[PDB]
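Inside the fold
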Amino acid sequence: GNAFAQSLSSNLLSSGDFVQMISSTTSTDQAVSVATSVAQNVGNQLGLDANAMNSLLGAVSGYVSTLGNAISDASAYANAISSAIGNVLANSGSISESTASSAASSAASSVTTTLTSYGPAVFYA
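Residues numbered from 1 in each chain as written, not as in the entry; some residues may be left out. Heavy atoms only, no water.

- In the PDB header, solution NMR is given as the technique by which the entry was determined.

1. Here's the deal with the side chain of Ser9
- Structurally, the position occupied by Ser9 is in helix α1 (residues 2-13).
- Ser9 gets classed as buried once you look at its relative accessible area, which sits at 10%.
- Reaching out from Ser9, the side chain makes a polar contact with the backbone oxygen of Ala5 at a distance of 2.7 Å.
- Among residues more than four places away in sequence, those in contact with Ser9 are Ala78 and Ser82. (Helix = DSSP H or I, 4+ residues; strand = E, 2+ residues; numbered from the N terminus. Buried < 20%, exposed > 50% of the residue type's maximum accessible area, 1.4 Å probe, protein only. Polar contact = N/O pair within 3.5 Å; in protein donor to acceptor, adjacent residues only side chain to side chain. Contact = heavy atoms within 4.5 Å.)

2. Looking at the nonpolar core
- Membership of the largest hydrophobic core comes to 31 residues, with the highest contact counts inside it found for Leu13, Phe18, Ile22, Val60, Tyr77 and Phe123.
- Breaking this core down by element, the ones donating at least two residues are α1, α2 (18-24), α3 (28-46), α4 (50-66), α5 (74-91) and α6 (102-116).
- With nine residues, α5 is the single largest residue contributor to this core.
- Ignoring sequence-local partners within four residues, the contact set of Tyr77 consists of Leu13, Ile22, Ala31, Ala35, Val64, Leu67 and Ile71. (Core = buried A, V, L, I, M, F, W, Y, C linked by side-chain atoms within 4.5 Å.)

3. Let's talk about the packing of aromatic side chains
- Evaluation of the coordinates by the stated rule reveals one aromatic pair.
- Pairing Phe18 with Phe123 gives two aromatic rings, centres 5.8 Å apart and planes at 65 degrees, and the pair type is edge-to-face. Here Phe123 lies in helix α7 (residues 121-124) and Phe18 lies in helix α2, a separation of 105 residues in the sequence. Like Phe123, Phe18 is buried. (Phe/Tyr/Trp six-rings, centres within 6.5 Å; stacked < 30°, edge-to-face > 60°.)

4. So, the packing of α4 against α5
- Direction vectors running N to C along α4 and α5 enclose 160 degrees, while the axes themselves pass 8 Å from each other. One finds that α4 runs roughly antiparallel with respect to α5. Every pair of crossing elements has a handedness; the one defined by α4 and α5 is right-handed. Touching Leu56, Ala59, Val60, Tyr63 and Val64 of α4 are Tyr77, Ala80, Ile81, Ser83, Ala84, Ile85, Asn87 and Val88, all from α5. (Axes fitted to C-alpha atoms, helices over the stretch in contact; angles between N-to-C directions. Parallel < 35°, antiparallel > 145°, perpendicular 65-115°, else oblique. Left-handed = near helix turned anticlockwise from the far one by under 90°.)

Here's what the structure looks like:
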């Protein structure tokens, strides 16, 4: 299941619009905030425990730290993000009620709008 999220995230991370913000931050430390922000939207749709979600989302936060020098690689960068959320998502069984398209489409749609529709700076919050 990680491949599903990794494939979609890989393209979203290298997005000519998304990647711009990730590379604009010029700091792996701040980059974690973005990755964690997008992951929250995906996990929110699934629910999960508030306390558990914190530890789950922390997976990528620590994984990226290791690959902060080379974030230009959407596959590598997204690999951690997708691996983090994919871990908890996989434990639930099958993504979404019964389709690995609606969940990704909605989850990815949230980020798409939350960057160009409202603006990049809006991400910083």
